[PDB]
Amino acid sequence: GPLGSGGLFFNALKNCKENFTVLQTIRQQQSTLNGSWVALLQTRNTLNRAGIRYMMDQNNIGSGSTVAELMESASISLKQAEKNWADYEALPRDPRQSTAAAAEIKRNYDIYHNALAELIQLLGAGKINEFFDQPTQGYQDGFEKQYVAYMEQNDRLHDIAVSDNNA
């Protein structure tokens, strides 16, 4: 078109720099959310290991890490979840991301995160029965559903940026 090389270059550089900023935004949200999700799963598994060790200790068998060591490890991983979740929330968002879906991920994150913190409290208090009975699976499932939707949203944004860069 009746547009010069200088112009074509400026426009290409403008778009590239915009596209890059989108990928950066998305990559960071992805790594922080992922780090929070993994640390919650770790916490959950560690608490289950603690329950097993407890039930093993009843019949004076049971080895490996102690209930106390496992509880402390779960606390450390829950702190890792929280750290990653704070980083996630503070990141600048892309204007096109749904604020409604962001609110849902957060709602489910708090339910699941709080359930694990509660398990840690129940355990350290001796409320073993309460501990074994929490419907944790449902809480986790609710966060995961949102996590998937969020990633699907971000993959789309990713693709828009890629398509543009290719053209």
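Numbers for residues come from their place in the sequence shown, where the first is 1.
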{"item": "Comparing 91 to 99 with 76 to 84, the one whose average Cα B-factor in the PDB entry is higher", "value": "91 to 99"}
{"item": "156 to 164 versus 1 to 9 - which carries the larger mean C-alpha B factor in the record", "value": "1 to 9"}
{"item": "Per the PDB entry, maximal CA B factor within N45, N129, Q137, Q28", "value": "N129"}
{"item": "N114, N108, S36, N60, ranked by C-alpha B-factor: the highest one", "value": "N60"}
{"item": "Chain third (lowest, middle, highest) by recorded CA B-factor, residue given as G51", "value": "middle"}
{"item": "Chain thirds of CA B-factor: placement of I120", "value": "middle"}
